[PDB]
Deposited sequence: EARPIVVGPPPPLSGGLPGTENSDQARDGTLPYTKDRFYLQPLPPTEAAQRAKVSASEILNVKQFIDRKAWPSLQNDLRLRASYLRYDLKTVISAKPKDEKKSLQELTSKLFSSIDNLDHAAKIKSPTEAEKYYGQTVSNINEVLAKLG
């Protein structure tokens, strides 16, 4: 839940937590794209009011994305880092708010924050290319 346990990375080329292996920038960007797609697949949980399922899935995706986007930003050119970091921060705010909506079992807030998350994912994907 929210914060993952970081396990050892591949060589160079606790209760209720997910596990994360750090990846190199190229592999991190690919994993980010996957995790983004998976986030948008939580709509099924919102519609069926499956709140724990929504929270657990979202937390797994958010755990990877947060880490992977940091990795990606670190390898980007100086002149591109701040924009991607702002887009990423906005995305995490909407993800955190969607989690919040699930905690309080609010369909209206969940739909609101899911809609924002769609837009925010798209902006990040456009930078990843």
Which parts of the deposited sequence lack C-alpha coordinates in this model? Number from residue 1, please. 14-33
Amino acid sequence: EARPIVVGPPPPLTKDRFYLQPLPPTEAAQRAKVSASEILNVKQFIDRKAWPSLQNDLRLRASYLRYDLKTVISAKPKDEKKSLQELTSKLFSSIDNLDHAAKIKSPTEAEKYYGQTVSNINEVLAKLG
From here on, numbers count along this sequence of modelled residues.
Which is higher on average in the deposited entry, the C-alpha temperature factors of 73-81 or of 53-61? 73-81
Averaging C-alpha B-factors over each stretch, which comes out higher, 20-28 or 113-121? 20-28
Third of chain Cα B-factors occupied by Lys103: middle
Pull the Cα B-factor of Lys33 out of the PDB entry and bin it into the chain's lowest, middle or highest third. middle
Third of chain Cα B-factors occupied by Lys90: lowest
